[PDB]
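S.K.: Here is the sequence, then the experimental structure:
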Amino acid sequence: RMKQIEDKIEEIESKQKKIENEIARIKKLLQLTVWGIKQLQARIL
Amino acid sequence: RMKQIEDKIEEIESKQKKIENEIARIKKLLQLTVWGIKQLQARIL
Amino acid sequence: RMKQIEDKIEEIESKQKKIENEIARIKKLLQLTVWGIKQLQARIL
Amino acid sequence: XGXXXXXXXXXXXXX
Amino acid sequence: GXXXXXXXXXXXXX
């Protein structure tokens, strides 16, 4: 049972690392879209 | 101990799935916002 | 062996909490950018 | 802000 | 710092 638990933990940790990396990617792209919106607004106004 | 651990893992796994689903949803909407910015930029330029 | 497991669950649970908090903040900023796009489009159209 | 904005965009809802 | 240019760089290269 301890082994099955350990294997599940290994799967969870791996997925957490993937999710952390995706969050970092999302934040960078989101920052770009904020910057884009600021540029568009300044032109429109 | 071992059953206590097994229950916490199950709860963790279920929260992980919810997180994965939310990340997927976020990515789809971020892609639409990128696309909408692309259309706006070209139209005003 | 079970101690190392209980300790890993502690580390995973707090990391999961960090992830949830980050996803909540990304969702708010995404909601803001969608709002800003809507305003820009309404203005030009 | 479930509204707000104004003020030329409020610097993007204050971030 | 920054950079960009190029019409938006195709959205900062994604």
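M.R.: Perfect, thanks for sending it. Numbering: from 1, shown residues only, chains lettered A, B, ... in the order given.

S.K.: buried ones in stretch A:11-26?
M.R.: A:12, A:16, A:19, A:23, A:26 (16 or more other Cβ atoms under 10 Å in any protein chain shown). Yep, even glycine has a C-beta here, placed from its N, CA and C like the rest.

S.K.: hmm, I was thinking of stretch A:27-40
M.R.: In stretch A:27-40, counting by 16+ other Cβ under 10 Å, buried: A:29, A:30, A:32, A:33, A:34, A:35, A:36, A:37, A:40.

S.K.: and that stretch, does that touch chain C?
M.R.: Yes. Stretch A:27-40 reaches chain C (Cβ under 8 Å from any Cβ of the partner chain) through A:27, A:30, A:33, A:34, A:37, A:40.

S.K.: Now find how far off-centre that stretch is within its chain.
M.R.: 16 Å (Cα atoms, centre = their mean, to the nearest Å).

S.K.: tell me the contacts of residue A:24?
M.R.: With contact set as Cβ atoms under 8 Å, 6 or more residues apart in numbering or on different chains, residue A:24 has no partners.

S.K.: what about it, helix or strand, and which?
M.R.: Element membership for residue A:24 (DSSP states H and E) is helix A:2-44.

S.K.: what's the angle between that helix and helix C:2-44?
M.R.: 20 degrees (axes from the mean of the first three to the mean of the last three Cα atoms, to 10 degrees).
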